[PDB]
Structures are given as C-alpha cells and as structure tokens.
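File shown: my_file-v3.cif. Contents: mmCIF, C-alpha atoms.
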```cif
data_query
loop_
_atom_site.label_atom_id
_atom_site.label_comp_id
_atom_site.auth_asym_id
_atom_site.auth_seq_id
_atom_site.Cartn_x
_atom_site.Cartn_y
_atom_site.Cartn_z
CA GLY N 36 -3.26 -3.86 13.22
CA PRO N 37 -0.98 -5.32 10.56
CA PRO N 38 -0.17 -3.02 7.71
CA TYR N 39 -2.92 -3.02 5.07
CA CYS N 40 -2.01 -2.40 1.41
CA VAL N 41 -4.75 -1.57 -1.08
CA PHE N 42 -2.27 -2.03 -3.97
CA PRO N 43 -1.77 -4.19 -5.99
CA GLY N 44 -5.25 -5.49 -5.21
CA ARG N 45 -6.48 -2.30 -6.82
CA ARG N 46 -4.97 -0.74 -9.93
CA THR N 47 -3.09 2.52 -9.88
CA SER N 48 -4.17 5.72 -11.61
CA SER N 49 -2.43 8.14 -13.94
CA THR N 50 -1.30 10.33 -11.03
CA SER N 51 0.02 7.48 -8.91
CA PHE N 52 3.75 6.95 -8.53
CA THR N 53 5.39 3.54 -8.27
CA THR N 54 9.02 2.57 -7.95
CA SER N 55 11.10 -0.30 -6.68
CA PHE N 56 14.52 -0.41 -5.12
CA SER N 57 17.13 -2.67 -3.62
CA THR N 58 19.21 -2.17 -0.48
CA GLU N 59 22.90 -2.80 -0.81
CA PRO N 60 24.70 -5.30 1.38
CA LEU N 61 25.45 -3.48 4.62
CA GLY N 62 29.23 -3.92 4.26
CA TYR N 63 29.21 -1.68 1.21
CA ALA N 64 30.06 1.91 2.17
CA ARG N 65 27.50 4.69 1.85
CA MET N 66 28.03 8.41 2.30
CA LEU N 67 25.26 9.48 4.66
CA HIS N 68 23.57 12.95 4.67
CA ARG N 69 21.21 14.64 7.15
CA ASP N 70 19.09 16.13 4.32
CA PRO N 71 19.30 14.10 0.94
CA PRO N 72 17.57 15.42 -2.23
CA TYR N 73 13.90 15.19 -2.86
CA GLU N 74 12.86 14.12 -6.37
CA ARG N 75 9.47 14.46 -8.09
CA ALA N 76 7.36 11.43 -7.54
CA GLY N 77 6.37 11.06 -11.20
CA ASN N 78 3.03 12.54 -12.01
CA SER N 79 1.69 12.65 -8.47
CA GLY N 80 2.30 16.34 -7.65
CA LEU N 81 4.41 15.26 -4.67
CA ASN N 82 8.09 14.83 -4.03
CA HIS N 83 9.85 11.88 -2.40
CA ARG N 84 13.21 10.67 -1.20
CA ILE N 85 14.51 7.19 -0.40
CA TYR N 86 17.67 7.10 1.68
CA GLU N 87 19.52 5.63 4.63
CA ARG N 88 20.38 7.00 8.05
CA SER N 89 22.49 5.75 10.89
CA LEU N 94 21.33 1.53 9.29
CA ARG N 95 17.75 2.56 8.71
CA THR N 96 16.04 2.84 5.33
CA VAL N 97 13.83 5.95 5.18
CA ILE N 98 11.19 7.18 2.77
CA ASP N 99 9.85 10.75 2.98
CA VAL N 100 6.95 12.07 0.87
CA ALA N 101 6.01 15.76 0.83
CA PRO N 102 4.25 18.44 -1.18
CA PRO N 103 6.58 20.71 -3.20
CA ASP N 104 7.77 24.17 -2.27
CA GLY N 105 6.38 24.44 1.24
CA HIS N 106 2.84 23.81 0.06
CA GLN N 107 0.11 21.96 1.90
CA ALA N 108 -1.29 18.72 0.51
CA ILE N 109 -4.46 19.43 -1.51
CA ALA N 110 -5.88 15.91 -1.03
CA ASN N 111 -5.31 12.75 0.97
CA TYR N 112 -2.66 10.31 -0.24
CA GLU N 113 -1.96 6.67 0.51
CA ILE N 114 1.72 5.67 0.70
CA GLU N 115 2.57 1.94 0.72
CA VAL N 116 5.67 -0.18 0.81
CA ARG N 117 5.63 -3.89 -0.01
CA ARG N 118 8.69 -6.11 0.40
CA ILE N 119 9.41 -9.18 -1.71
CA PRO N 120 12.04 -11.75 -0.59
CA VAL N 121 14.96 -11.91 -3.02
CA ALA N 122 15.70 -15.01 -5.09
CA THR N 123 12.17 -16.29 -4.71
CA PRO N 124 10.46 -15.65 -8.02
CA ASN N 125 7.14 -17.12 -6.80
CA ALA N 126 7.03 -14.97 -3.65
CA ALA N 127 3.81 -13.12 -2.95
CA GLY N 128 5.38 -10.32 -1.00
CA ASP N 129 4.31 -8.64 2.21
CA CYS N 130 2.59 -5.35 2.94
CA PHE N 131 5.40 -3.89 5.00
CA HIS N 132 4.62 -0.29 5.98
CA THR N 133 2.12 2.40 5.09
CA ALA N 134 1.67 6.10 5.70
CA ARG N 135 -0.75 8.93 4.94
CA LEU N 136 -0.28 12.48 3.66
CA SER N 137 -3.49 14.19 4.76
CA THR N 138 -5.21 17.22 3.20
CA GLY N 139 -3.65 20.36 4.65
CA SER N 140 -0.54 18.67 5.98
CA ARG N 141 2.91 19.95 5.18
CA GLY N 142 4.73 16.67 5.53
CA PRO N 143 6.80 14.79 5.21
CA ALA N 144 4.92 11.58 5.60
CA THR N 145 7.71 9.17 6.66
CA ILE N 146 8.29 5.44 6.76
CA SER N 147 11.44 3.75 8.07
CA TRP N 148 12.80 0.31 8.87
CA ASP N 149 16.03 -1.50 9.74
CA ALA N 150 17.93 -1.77 6.46
CA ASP N 151 17.84 -5.25 4.94
CA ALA N 152 19.35 -6.34 1.63
CA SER N 153 17.29 -9.57 1.49
CA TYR N 154 14.14 -7.95 0.07
CA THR N 155 13.25 -5.77 -2.88
CA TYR N 156 10.98 -2.88 -1.91
CA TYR N 157 8.01 -1.53 -3.88
CA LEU N 158 6.71 1.96 -3.13
CA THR N 159 3.30 3.25 -4.29
CA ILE N 160 1.99 6.79 -3.72
CA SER N 161 -1.61 7.52 -4.75
CA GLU N 162 -4.32 10.06 -4.12
CA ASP N 163 -7.31 8.62 -2.33
#
```
Conversion result in structure tokens:
Amino acid sequence: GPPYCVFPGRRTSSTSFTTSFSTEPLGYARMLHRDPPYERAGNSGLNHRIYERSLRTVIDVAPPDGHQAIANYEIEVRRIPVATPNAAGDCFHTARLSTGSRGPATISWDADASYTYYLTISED
C-alpha cells in the first residue's frame, strides 16, 4: 500500500536520529562516487549516508563495522513541498533494518529540488 509513516504522529526517542536535507537544482554540478562516506546517525548505533547516483537520491542505513543489527529499526522519509509554509508533507518512502541483517537498508527516488526531505531512523 501507500507508504505509512509512524513519525511525526509518534514522538521520537533518545536513540532516534532525525535530519533534513535539500536537493540542489539539477543543473548544479555534483561529483558522483560509487561508494560515498557513511556517517554516524546520531545516537542510534547505526550509520547512514545520503547521496546521489546517476539523478537518483539515495539513502543507505547500516550497522557499523560489519556488524548485524541487534534490533529492528524503522526508517522513514517525508517530503515537504518548498515555499509552502503551511504544507503538511507526505510520507514518501520507508524501509526496515531487521534484527540480524547486515544492511544496508536503502531508499531511493528520482532527485527533485522542489521538496525538503526529512529522515527519521528509530528502533522499534
């Protein structure tokens, strides 16, 4: 069915990670890479990366250091139309990192500069 987002209906916890990002106008040059750096996803115990590939926007979420996930995690992206301060936003894509998986959990979409994107990662 349509993507279902539990956040922001529910509140996030101390080990959740949230961030937002913009996509640049597609006429602005990027230097693309087959394997861009992972960064720690705040206090979640996971790593993440947000990048583009030939354009597609991609989010990967994985345990550190070749480990398996020790729990189940919900990964959600909402998109909010730009220049619309009263916009409600849409639940856009979701993914799961399941207990025992190695990852990454991945989400991708056709790159679009007309929305701001909001990522949440949380343990179930």
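Within the 7 Å cut-off around residue 112 of chain N, using all atoms listed in the file and omitting residues fewer than 4 positions from it on the same chain, the listed residues are residues 135, 136, 137, 160, 161, 162 and 163 of chain N.
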>> Within 10 Å of (24.5, -10.3, -2.2) in the file's own coordinates, which protein, DNA or RNA residues have an atom, counting all atoms listed in the file? List them as an MDAnalysis selection string.
In response: chainID N and resid 58:61 121 152:153
>> Just checking: using all atoms listed in the file, which residue out of N:123, N:159, N:78, N:96 ends up closest to residue 57 of chain N?
In response: N:96
What residues come out when you apply the PyMOL selection byres ((chain N and resi 89) around 12) to this file, written as a CSV table (one decimal) with C-alpha atoms, keeping the file's coordinate frame?
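Ended up saving to expr-v7.csv:
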```
chain,number,residue,atom,x,y,z
N,61,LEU,CA,25.4,-3.5,4.6
N,65,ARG,CA,27.5,4.7,1.8
N,66,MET,CA,28.0,8.4,2.3
N,67,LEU,CA,25.3,9.5,4.7
N,68,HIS,CA,23.6,13.0,4.7
N,69,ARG,CA,21.2,14.6,7.2
N,86,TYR,CA,17.7,7.1,1.7
N,87,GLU,CA,19.5,5.6,4.6
N,88,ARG,CA,20.4,7.0,8.0
N,94,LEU,CA,21.3,1.5,9.3
N,95,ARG,CA,17.8,2.6,8.7
N,96,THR,CA,16.0,2.8,5.3
N,97,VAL,CA,13.8,6.0,5.2
N,147,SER,CA,11.4,3.8,8.1
N,148,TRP,CA,12.8,0.3,8.9
N,149,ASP,CA,16.0,-1.5,9.7
N,150,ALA,CA,17.9,-1.8,6.5
```
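Counting all atoms listed in the file and comparing N:109, N:122, N:158, N:114, the residue that lies closest to residue 138 of chain N is N:109.
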>> What does the structure give for the distance between atom CA of residue 106 of chain N and atom CA of residue 75 of chain N, in Å to one decimal?
In response: 14.1 Å
For the structure shown, which residues end up in the PyMOL selection byres ((chain N and resi 80) around 10)? Put them as a compact mmCIF listing (two decimals) with C-alpha atoms, in the frame of the given file, please?
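Saved as part-v2.txt:
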```
# COMPACT_ATOMS: atom_id res chain seq x y z
CA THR N 50 -1.30 10.33 -11.03
CA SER N 51 0.02 7.48 -8.91
CA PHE N 52 3.75 6.95 -8.53
CA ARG N 75 9.47 14.46 -8.09
CA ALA N 76 7.36 11.43 -7.54
CA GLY N 77 6.37 11.06 -11.20
CA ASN N 78 3.03 12.54 -12.01
CA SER N 79 1.69 12.65 -8.47
CA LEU N 81 4.41 15.26 -4.67
CA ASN N 82 8.09 14.83 -4.03
CA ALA N 101 6.01 15.76 0.83
CA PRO N 102 4.25 18.44 -1.18
CA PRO N 103 6.58 20.71 -3.20
CA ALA N 108 -1.29 18.72 0.51
CA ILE N 109 -4.46 19.43 -1.51
CA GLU N 162 -4.32 10.06 -4.12
```
>> Residue by residue, what does the PyMOL selection byres ((chain N and resi 124-130) around 12) grab here? Present the result as JSON, numbers by chain.
In response: {"N": [36, 37, 38, 39, 40, 41, 42, 43, 44, 114, 115, 116, 117, 118, 119, 120, 121, 122, 123, 131, 132, 133, 134, 154, 155, 156, 157, 158, 159]}
Pop segment 103-141 of chain N out of the structure in the block and write N, CA and C atoms as a PDB file, in the first residue's frame.
```pdb
ATOM      1  N   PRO N 103      27.348  -0.490  12.082  1.00  0.00           N
ATOM      2  CA  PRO N 103      28.779  -0.214  11.917  1.00  0.00           C
ATOM      3  C   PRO N 103      29.583  -1.484  11.754  1.00  0.00           C
ATOM      4  N   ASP N 104      30.738  -1.347  11.094  1.00  0.00           N
ATOM      5  CA  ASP N 104      31.859  -2.298  11.272  1.00  0.00           C
ATOM      6  C   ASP N 104      31.554  -3.724  10.929  1.00  0.00           C
ATOM      7  N   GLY N 105      30.662  -3.950   9.955  1.00  0.00           N
ATOM      8  CA  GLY N 105      30.312  -5.284   9.545  1.00  0.00           C
ATOM      9  C   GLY N 105      29.417  -6.039  10.492  1.00  0.00           C
ATOM     10  N   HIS N 106      28.879  -5.358  11.503  1.00  0.00           N
ATOM     11  CA  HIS N 106      28.016  -5.985  12.473  1.00  0.00           C
ATOM     12  C   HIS N 106      26.636  -6.260  11.898  1.00  0.00           C
ATOM     13  N   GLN N 107      25.927  -7.142  12.588  1.00  0.00           N
ATOM     14  CA  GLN N 107      24.491  -7.338  12.349  1.00  0.00           C
ATOM     15  C   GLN N 107      23.681  -6.373  13.199  1.00  0.00           C
ATOM     16  N   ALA N 108      22.503  -5.990  12.707  1.00  0.00           N
ATOM     17  CA  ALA N 108      21.576  -5.224  13.522  1.00  0.00           C
ATOM     18  C   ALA N 108      21.144  -6.035  14.742  1.00  0.00           C
ATOM     19  N   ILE N 109      21.094  -5.386  15.910  1.00  0.00           N
ATOM     20  CA  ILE N 109      20.734  -6.048  17.155  1.00  0.00           C
ATOM     21  C   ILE N 109      19.272  -5.910  17.507  1.00  0.00           C
ATOM     22  N   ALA N 110      18.517  -5.219  16.665  1.00  0.00           N
ATOM     23  CA  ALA N 110      17.103  -4.900  16.867  1.00  0.00           C
ATOM     24  C   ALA N 110      16.529  -4.573  15.506  1.00  0.00           C
ATOM     25  N   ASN N 111      15.202  -4.375  15.492  1.00  0.00           N
ATOM     26  CA  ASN N 111      14.532  -3.868  14.287  1.00  0.00           C
ATOM     27  C   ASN N 111      14.458  -2.367  14.317  1.00  0.00           C
ATOM     28  N   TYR N 112      14.649  -1.750  13.149  1.00  0.00           N
ATOM     29  CA  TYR N 112      14.600  -0.294  13.014  1.00  0.00           C
ATOM     30  C   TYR N 112      13.678   0.093  11.892  1.00  0.00           C
ATOM     31  N   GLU N 113      12.945   1.180  12.138  1.00  0.00           N
ATOM     32  CA  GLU N 113      12.075   1.851  11.182  1.00  0.00           C
ATOM     33  C   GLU N 113      12.834   3.031  10.591  1.00  0.00           C
ATOM     34  N   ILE N 114      12.816   3.150   9.257  1.00  0.00           N
ATOM     35  CA  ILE N 114      13.483   4.221   8.537  1.00  0.00           C
ATOM     36  C   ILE N 114      12.426   4.896   7.670  1.00  0.00           C
ATOM     37  N   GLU N 115      12.238   6.212   7.851  1.00  0.00           N
ATOM     38  CA  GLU N 115      11.174   6.927   7.149  1.00  0.00           C
ATOM     39  C   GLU N 115      11.692   8.185   6.535  1.00  0.00           C
ATOM     40  N   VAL N 116      11.184   8.487   5.341  1.00  0.00           N
ATOM     41  CA  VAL N 116      11.413   9.763   4.681  1.00  0.00           C
ATOM     42  C   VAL N 116      10.072  10.421   4.407  1.00  0.00           C
ATOM     43  N   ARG N 117       9.916  11.653   4.881  1.00  0.00           N
ATOM     44  CA  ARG N 117       8.812  12.516   4.480  1.00  0.00           C
ATOM     45  C   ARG N 117       9.352  13.590   3.549  1.00  0.00           C
ATOM     46  N   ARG N 118       8.493  14.063   2.646  1.00  0.00           N
ATOM     47  CA  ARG N 118       8.862  15.187   1.774  1.00  0.00           C
ATOM     48  C   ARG N 118       7.869  16.320   1.980  1.00  0.00           C
ATOM     49  N   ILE N 119       8.387  17.547   2.038  1.00  0.00           N
ATOM     50  CA  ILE N 119       7.542  18.719   2.221  1.00  0.00           C
ATOM     51  C   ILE N 119       7.797  19.650   1.053  1.00  0.00           C
ATOM     52  N   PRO N 120       6.761  19.983   0.258  1.00  0.00           N
ATOM     53  CA  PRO N 120       6.884  20.956  -0.834  1.00  0.00           C
ATOM     54  C   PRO N 120       7.588  22.216  -0.378  1.00  0.00           C
ATOM     55  N   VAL N 121       8.519  22.745  -1.170  1.00  0.00           N
ATOM     56  CA  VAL N 121       9.152  24.006  -0.839  1.00  0.00           C
ATOM     57  C   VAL N 121       8.150  25.159  -0.982  1.00  0.00           C
ATOM     58  N   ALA N 122       8.489  26.243  -0.306  1.00  0.00           N
ATOM     59  CA  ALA N 122       7.804  27.536  -0.441  1.00  0.00           C
ATOM     60  C   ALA N 122       6.328  27.437  -0.178  1.00  0.00           C
ATOM     61  N   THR N 123       6.000  26.589   0.806  1.00  0.00           N
ATOM     62  CA  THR N 123       4.622  26.304   1.152  1.00  0.00           C
ATOM     63  C   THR N 123       4.591  26.166   2.671  1.00  0.00           C
ATOM     64  N   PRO N 124       4.658  27.267   3.426  1.00  0.00           N
ATOM     65  CA  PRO N 124       4.941  27.030   4.847  1.00  0.00           C
ATOM     66  C   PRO N 124       3.830  26.283   5.586  1.00  0.00           C
ATOM     67  N   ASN N 125       2.594  26.261   5.058  1.00  0.00           N
ATOM     68  CA  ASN N 125       1.518  25.511   5.637  1.00  0.00           C
ATOM     69  C   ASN N 125       1.384  24.030   5.123  1.00  0.00           C
ATOM     70  N   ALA N 126       2.296  23.607   4.321  1.00  0.00           N
ATOM     71  CA  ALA N 126       2.251  22.236   3.826  1.00  0.00           C
ATOM     72  C   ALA N 126       2.331  21.188   4.908  1.00  0.00           C
ATOM     73  N   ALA N 127       1.496  20.148   4.783  1.00  0.00           N
ATOM     74  CA  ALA N 127       1.525  19.039   5.704  1.00  0.00           C
ATOM     75  C   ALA N 127       2.604  18.042   5.501  1.00  0.00           C
ATOM     76  N   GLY N 128       3.104  17.965   4.274  1.00  0.00           N
ATOM     77  CA  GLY N 128       4.061  16.939   3.911  1.00  0.00           C
ATOM     78  C   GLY N 128       3.429  15.595   3.587  1.00  0.00           C
ATOM     79  N   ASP N 129       4.221  14.757   2.911  1.00  0.00           N
ATOM     80  CA  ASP N 129       3.846  13.425   2.536  1.00  0.00           C
ATOM     81  C   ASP N 129       4.789  12.405   3.139  1.00  0.00           C
ATOM     82  N   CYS N 130       4.258  11.257   3.559  1.00  0.00           N
ATOM     83  CA  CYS N 130       5.101  10.095   3.800  1.00  0.00           C
ATOM     84  C   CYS N 130       5.528   9.568   2.437  1.00  0.00           C
ATOM     85  N   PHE N 131       6.815   9.583   2.174  1.00  0.00           N
ATOM     86  CA  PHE N 131       7.347   9.381   0.843  1.00  0.00           C
ATOM     87  C   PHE N 131       7.881   7.980   0.634  1.00  0.00           C
ATOM     88  N   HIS N 132       8.780   7.532   1.502  1.00  0.00           N
ATOM     89  CA  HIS N 132       9.338   6.183   1.413  1.00  0.00           C
ATOM     90  C   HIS N 132       9.699   5.706   2.801  1.00  0.00           C
ATOM     91  N   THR N 133       9.654   4.392   2.988  1.00  0.00           N
ATOM     92  CA  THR N 133      10.102   3.792   4.237  1.00  0.00           C
ATOM     93  C   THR N 133      10.915   2.544   3.964  1.00  0.00           C
ATOM     94  N   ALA N 134      11.688   2.138   4.970  1.00  0.00           N
ATOM     95  CA  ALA N 134      12.463   0.911   4.902  1.00  0.00           C
ATOM     96  C   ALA N 134      12.653   0.373   6.302  1.00  0.00           C
ATOM     97  N   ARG N 135      13.058  -0.899   6.360  1.00  0.00           N
ATOM     98  CA  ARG N 135      13.340  -1.593   7.617  1.00  0.00           C
ATOM     99  C   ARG N 135      14.761  -2.118   7.629  1.00  0.00           C
ATOM    100  N   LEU N 136      15.394  -2.045   8.805  1.00  0.00           N
ATOM    101  CA  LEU N 136      16.645  -2.769   9.095  1.00  0.00           C
ATOM    102  C   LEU N 136      16.255  -3.778  10.154  1.00  0.00           C
ATOM    103  N   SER N 137      16.212  -5.076   9.779  1.00  0.00           N
ATOM    104  CA  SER N 137      15.709  -6.119  10.639  1.00  0.00           C
ATOM    105  C   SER N 137      16.805  -6.715  11.526  1.00  0.00           C
ATOM    106  N   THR N 138      16.412  -7.251  12.673  1.00  0.00           N
ATOM    107  CA  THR N 138      17.378  -7.912  13.565  1.00  0.00           C
ATOM    108  C   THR N 138      18.133  -8.991  12.799  1.00  0.00           C
ATOM    109  N   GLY N 139      19.460  -8.966  12.905  1.00  0.00           N
ATOM    110  CA  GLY N 139      20.304  -9.925  12.234  1.00  0.00           C
ATOM    111  C   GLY N 139      20.765  -9.546  10.851  1.00  0.00           C
ATOM    112  N   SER N 140      20.127  -8.538  10.249  1.00  0.00           N
ATOM    113  CA  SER N 140      20.545  -8.106   8.929  1.00  0.00           C
ATOM    114  C   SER N 140      21.855  -7.349   8.981  1.00  0.00           C
ATOM    115  N   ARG N 141      22.548  -7.383   7.853  1.00  0.00           N
ATOM    116  CA  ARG N 141      23.799  -6.660   7.694  1.00  0.00           C
ATOM    117  C   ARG N 141      23.644  -5.326   6.989  1.00  0.00           C
TER     118      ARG N 141
END
```
